[PDB]
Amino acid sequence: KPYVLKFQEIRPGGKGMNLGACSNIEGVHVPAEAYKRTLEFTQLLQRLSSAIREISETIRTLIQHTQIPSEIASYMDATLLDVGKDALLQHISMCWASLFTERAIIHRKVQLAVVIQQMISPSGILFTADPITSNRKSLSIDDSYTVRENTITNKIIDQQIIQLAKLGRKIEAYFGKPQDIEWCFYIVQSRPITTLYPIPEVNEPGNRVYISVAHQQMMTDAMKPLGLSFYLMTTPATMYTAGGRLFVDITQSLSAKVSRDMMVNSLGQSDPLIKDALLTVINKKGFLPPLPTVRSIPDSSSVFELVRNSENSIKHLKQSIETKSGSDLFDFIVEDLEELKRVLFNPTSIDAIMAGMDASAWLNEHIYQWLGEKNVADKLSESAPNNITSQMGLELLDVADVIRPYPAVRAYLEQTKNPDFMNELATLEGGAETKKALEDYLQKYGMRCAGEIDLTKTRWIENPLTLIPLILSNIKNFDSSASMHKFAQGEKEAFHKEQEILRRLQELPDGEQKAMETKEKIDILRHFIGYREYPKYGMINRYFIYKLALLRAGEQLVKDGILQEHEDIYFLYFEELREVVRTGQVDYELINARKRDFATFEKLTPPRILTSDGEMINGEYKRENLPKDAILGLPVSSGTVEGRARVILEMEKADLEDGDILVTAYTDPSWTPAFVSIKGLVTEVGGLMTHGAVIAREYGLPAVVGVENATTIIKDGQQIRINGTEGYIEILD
């Protein structure tokens, strides 16, 4: 190993090369393992393998006590001569001592080296992409300046700064990445920006606009490559991936204008923040290219038969995939996705979904202009029949009803952390009865989980232990038969609402025509609004059957010595994994990079809108006569309540008592069992007719969605008041 080497001489410490590539310096200013012999010293270090932080005490006092054998210093001064020794000592030793306390604070017995350079004077910093919105084209320097390209947007407390903007964008190309170099124009150090949200690799002409799938799907978690792949292979929409999450391209729809006005207005009725964000993008001149100058309603028997038809499709798939392996397995999944798409996007099925959605809109619009009641379809939707997601939440109460009379079982569940607790219940009295209740519940809802759209996430039936805290809370928060009481009560309120509306309408001009037409919509509403949650349920069912088969293939790849861990298939796309099974070869520098990317994706939060310039845009609400200091959101379930806020990001750790108001990032279908005890819901994402929101209505639960940074603005334990009619939130304490 070379004792010493100057910056250009080095070829491919970390800083040792910030210098490395940079020696080139085109158009700008360029400046300018010796502790190997550090080896008394050695005895101490093997004591660290074994608190006693006194150690740093001598390991680090000898550092100052590290005597530099001249064995080479002249070399040291046989190099810096062209450009003292007491100084090298203070820090050379200084740097070594560095190894002593930090490492302890936060490991390998390998080493860091020292870099020597000179001090000069004239300063702020250069950002290649702005930090505020992550726009790759706009840049900002720190006293701070914001320039796009030779134009500055804002001036906040001046011709040479612009000369500068042009220096960063030069060296940016030398690494390709947007970078962070600080100039005081003489730059000492360099490094890339690692906080930016990735732009969807799409090299179709010009500026593009993307819609966040996470917001519509009520799930903001980063998804693994394989899971991302299966969603992309299912959707008919022009969808792409970025930052471990999914986005839909709508740029072409924005080029024409009747296409635009049908896209902007429609998305605005799922959540107003999309529209406000879109209109802002449109108002950005120079970005978006210049514009140039009744559904059918199925029979009553359709829903029953749509469910039956789907169930048997799953049943057939389950039998066919058992005999498949290797390349045959992948060949089968490719042609089964067509069957998935058929059941999921069946014209009759879509008509059944929209039948409930259209009826909700019809009521909410007409009843308001007639009687003055806003969002009456919420209360009319309470305890709607045949909602596979609503049933899931309430039936967990039934599970708790079985366990409650058994003290021996309860003592176990309260303390157990065994994933295989299902097979330890027969020992206890009532465990056999408890096992049955759990197995039956998991036979209906086991294929679901938080993040179910990601095929690679742990399902309930794979880790039943996550359902335990919800079960325990049900035992503590409720008496027996709470499922029947809650549902029956919902039916009463919904019917009393129906009779009230029809009665009041007959007092208006042309009474018994507004009522009869309303009665028709209410029937349609309560007959179809439940089916809304089912196509998702049928899709997830296929996903879990896929997962089990892919795991078998992953385990075969382990047996064949090709894969190390069988869950490493999660970081390969379907297209790639199919080749691994076929050829028998796999690039693990890729797999490790995928894992490395996923770890940074989790630290990212998807914007409502993402552009080609990496700009992250979330819409703004309009405060029309709403209270000031009120946190605005989208009202999706009528009612006003005061309760204790509970900021909970993971359902497994939710210790919900009666009176609590759930504040969280998202509520996908799997969150439903936590709706039974709370008296209000607040989410950061979601829309009018998305997951969670549709369930809150049927549960008679006041909910406000689309509340930005609700898990940060609202503190856990705070008393808050939410209004699910107007869509605002107040802090009281």
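Throughout, we count residues from 1 along the sequence that is shown.
Unmodelled deposited residues between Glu365 and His366: none, per the record. In the deposited entry, the stretch joining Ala32 to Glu33 is interrupted by 4 to 9 residues of the deposited sequence lacking coordinates. Just going by the entry, 650-658 versus 164-172 on mean CA temperature factor gives the higher value to 164-172.
For the two regions 635-643 and 551-559, the entry's Cα B-factors average higher over 551-559. Per the PDB record, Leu62 has a higher Cα B-factor than any other of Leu62, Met689, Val704, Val676. Per the deposited record, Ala78 carries the highest C-alpha B-factor of all listed residues (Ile353, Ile314, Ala599, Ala78). Split the chain's modelled residues into thirds by C-alpha temperature factor. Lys257 is in the highest one. In the deposited entry, the Cα temperature factor of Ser144 sits in the top third of values across the chain's modelled residues. In the PDB entry, a CA B factor belonging to the middle third of its chain's modelled residues is recorded for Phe345. Among the modelled residues of the chain, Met17 sits in the highest third by CA temperature factor in this PDB entry.
Among all modelled residues in its chain, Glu54 ranks in the highest third by Cα B-factor.
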